[PDB]
Each structure stands twice: as C-alpha cells, then as structure tokens.
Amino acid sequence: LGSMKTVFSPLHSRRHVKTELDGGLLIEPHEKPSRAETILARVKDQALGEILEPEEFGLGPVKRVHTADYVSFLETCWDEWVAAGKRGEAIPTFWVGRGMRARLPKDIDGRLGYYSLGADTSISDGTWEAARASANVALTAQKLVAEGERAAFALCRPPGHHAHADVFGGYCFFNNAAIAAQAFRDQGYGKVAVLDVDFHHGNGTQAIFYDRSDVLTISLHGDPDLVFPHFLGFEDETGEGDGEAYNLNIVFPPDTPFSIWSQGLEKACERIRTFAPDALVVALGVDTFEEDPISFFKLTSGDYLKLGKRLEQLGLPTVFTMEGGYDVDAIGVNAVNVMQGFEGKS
C-alpha cells in the first residue's frame, strides 16, 4: 500500500463557535473542532503517511483568489461586531435582497450581510486565525505536490468550497481548493481541474473560475432545487465568456446510492480526461455518507475506498482539501478511506 502525507494545523481549534442558526433556532454548530481531531486520529491509526504542520504563506496566495476588501473584513469583523455592542456571535441579519444594490455600506451589520450568503456561519474570536491556518494547510499540501509528491491531504478546517471571491457562508471563509488551484497556475501548471465530491455544490469554486478556461471546475452534489446552496449548482451553468464549457455540475436527487453517484463520477472523470489538466484538486466532503445529518445521499464507508481508487486512476498530481462530513463518529474512517483507496486499499 502507498503512503500519503497529511498537513494539519492545531490552530483549526481557534474556530470554536457556540451557535448555528438552524430551523429557526440557535443550535450547537455542525462544523465542530472534533471533526478535524477525529480525522487526524484515523490518519495516525492507519499510519497513512507523514503528518506535518503548515508553512506560513501569508496573504499573497489568498489574495490571488479573494478580494482585498473581503480579506480585510474577515480580519476585522469580530472586533467591529463587539465594538458595536452586539451580545451574540456575529451572524448576518440583513442582506442584499433581490431588487437592492450590491453596494458596500459602513455599518458592520450591513457589511456582514454584503459579504455573506447565509446566516448559519457564525463568526467569533479565532475565526480569522483558523481560516488563515486552513488556507496555509491547503497551500502546504500544494507545495508538497508541486515539489514531487503524487498526492497530499490538506486536512482543512474550516472548509472552503462555498466561499466566493468575496462571500462567506456554508461554514467556509477562504476557498482552500481554489487557493490551491490558483497556486498551481501561478507556478506554471497550464491547466488545473477542481473536482468537488462533497454532497453540496461547490458554488464558491464555480464562481471564482466561472469565466476562465484554464481551471476546469466540476461538482457532484444534491439537487439545489432541494438543498443548499439553492441558487447555484444547476446543470445549465456551464461557464461564461472564455469559461463557457469549463464548468460542469452533476446533480442527484434524494436517496442517491453509490451505484448511481459513481455514474456521475465517471462522467466527471471523462470530462477531466478530455480537458487533460496538469494538476487536480479534489474538494473532498464525506457528507455523501448514508448517516450524514444534513445530506440525503446513501454512500457507505466502503464506497470511499472505491472513490479513492477511481481518482488515482486519473494519473494526475492531486491535492485533496477537506470540506464537509458531519457524522463525527464516521468522518475519520470515511475521509481516510478515500486516501487509502487512492493508495491502493481494497
């Protein structure tokens, strides 16, 4: 069996929010620190490969994807919120409704709404530090692969694939997969593919590269007619301008099992083959699991070994970025199964 290195930062635990808006109530958040700790423990248990901490790349590579005003806002948001006298965690209350102007206001409540797409992603002390560490985790995995590793596992937390150039949400702040893909491009890789196997549509990644033909973006996901993110992810979204034909969405209905999901995976792999990229980023979520509380697919733990094996057969330099997966008990087995299948297990 092969080996794969994992990048992990203990600084993820700086993000430890207490509240998530869900069904009209404030609940304990789904995207909790134990997710990364459970995955880490399985990486060690299975001796997957070397575990390393990230290097500090600074904001340069983050700002190749995200706007400067957005990066500034994420660093100051919590200070601005506390200073304005709010007593809860930072949660948007108002946003740019249909018919309103996409215009950045001065007030923190208006700024919060301008930069968000949902109210379930509370911001509090340590969110900036954790988001910075997570992007460095992704950049460190990309450096490992650029320097010669076939693949590397970026154990990111918070996840990234829902963040736009200048919008946070879906538990995401910096788009780690897009940051890694752009780093490949800046280092001379002519074409990069990003494949999103998380249950939810990678709307941030789609938006970031939507008018570009040098980065192919593909996502398999639950039908947004029915699930988050609702307002992107449909199969008719194929790109715009030079990017037309360089975005591919593959949608599935409730209770979809691996036997059908893997048919979409095969279509994605055929699209990657014709694109013929120089590097692959896989935005990996295991909320496709049959026990996941906020998804409706029916993948089993053994199916992740099959997924990893199929991804290896693409024969590409591959960075895996950790996205979702919210049955905390099974998240380690399921995520590491993808890496182990990539390395030849089962």
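All residue numbers refer to positions in the sequence shown, first residue = 1.
Peer 1: Between 270-278 and 128-136, point out the one with the higher average CA B-factor as the PDB entry records it.
Peer 2: Mean B over CA atoms: larger for 270-278.
Peer 1: Mean C-alpha B factor from the entry: is it higher for 201-209 or for 73-81?
Peer 2: Taking the mean C-alpha B-factor of 201-209 and of 73-81, the larger value falls to 73-81.
Peer 1: So if I compare the CA B-factors in the entry for 147, 225, 166, 107, which one is the largest?
Peer 2: It is 147.
Peer 1: Using the entry's values, work out which of 221, 101, 87, 230 has the largest Cα B factor.
Peer 2: Across 221, 101, 87, 230, the entry lists the biggest C-alpha B-factor for 87.
Peer 1: Taking the C-alpha B-factors as the PDB entry records them, is residue 187 in the lowest, middle or highest third of its chain?
Peer 2: It belongs to the highest third of the chain when residues are ordered by C-alpha B-factor.
Peer 1: Lowest, middle or highest third: where is residue 122 by C-alpha B factor in its chain?
Peer 2: Answer is middle: the recorded C-alpha B-factor places it there.
Peer 1: C-alpha B factor of residue 265, ranked within the chain: lowest, middle or highest third?
Peer 2: Ranked within chain, residue 265 CA B lands in the middle tercile.
Peer 1: Could you place residue 296 in the lowest, middle or highest third of its chain by Cα temperature factor, using the values in the record?
Peer 2: For residue 296, whose C-alpha B-factor we compare with every modelled residue in the chain, the answer is the middle third.
Peer 1: For the chain shown, is the CA B-factor of residue 245 in the lowest, middle or highest third of its modelled residues?
Peer 2: Ranked within chain, residue 245 CA B lands in the highest tercile.
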